[PDB]
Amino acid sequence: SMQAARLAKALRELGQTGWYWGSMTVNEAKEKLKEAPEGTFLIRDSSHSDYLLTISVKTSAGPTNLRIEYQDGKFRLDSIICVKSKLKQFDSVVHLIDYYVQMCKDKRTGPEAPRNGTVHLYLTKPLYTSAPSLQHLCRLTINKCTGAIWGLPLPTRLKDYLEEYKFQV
């Protein structure tokens, strides 16, 4: 299926992040986030039967957790927290994260909670499981500079690499 193909790719991108912690319990995430600055986040498998993945993030009050939903080929933040029309849907979960990160980088969202009940996710920097490759670190930097990788002075083989992961986080 074109659905199953998009989900395989979603999971492929996730393995590229360096901040996917796989099977990690909520209490291991709470320990690993305890001393981190506000907004530090990771993604990990959900221990819940109906959810694939969970975001764990440091707030000023300590680590908290937010599940990610997958329904009919699309990812969104758990619809328990808000009406679904306010929870943007994505084909890839790294793209979902990238969006919320760019939202805060662009100061279109801050650590203060909104008063009108819309979505309040303050994310700054990921928590890496290990040092990612130097290739990937360069890819992250080129993604933060431009989205037009096909006009770059680069061999086609390395543009295919940049195309496999277009995110800024």
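The first residue of the sequence shown is number 1, and the count goes up from there.
J.: Considering only other entries where residues before and after it are modelled, is residue 129 without coordinates in at least a third?
T.: Counting only entries that model residues on both sides, residue 129 is resolved in every one of them.
J.: Quick check on residue 106: across the other compared entries (only those modelling residues on both sides), is it unmodelled in a third or more?
T.: Affirmative; at least a third of those entries omit residue 106.
J.: Averaging only over Cα atoms, indicate whether 113-121 or 46-54 has the higher B-factor in the PDB entry.
T.: In the deposited entry, the stretch with the higher C-alpha B-factor mean is 113-121.
J.: Looking only at CA atoms, which has the higher mean B factor in the entry: 104-112 or 66-74?
T.: In the deposited entry, the stretch with the higher C-alpha B-factor mean is 104-112.
J.: By its CA B factor, does residue 17 count among the lowest, middle or highest third of the modelled residues in the chain?
T.: Lowest third of the chain for residue 17's C-alpha B-factor.
J.: Please say which third, lowest, middle or highest, residue 133 falls into when its CA temperature factor is compared across its chain.
T.: Residue 133: CA B-factor falls in the middle third of its chain.
J.: Compared with the other modelled residues in the chain, in which third is the CA B-factor of residue 85?
T.: Middle third, going by the recorded CA B-factors of the chain.
J.: Splitting the chain's C-alpha B-factors into thirds, which one does residue 143 fall into?
T.: Tercile = middle for this residue's CA B-factor.
J.: By the recorded C-alpha temperature factor, relative to the other modelled residues in its chain, which third is residue 10 in?
T.: According to the entry, residue 10 has a C-alpha B-factor in the chain's middle third.
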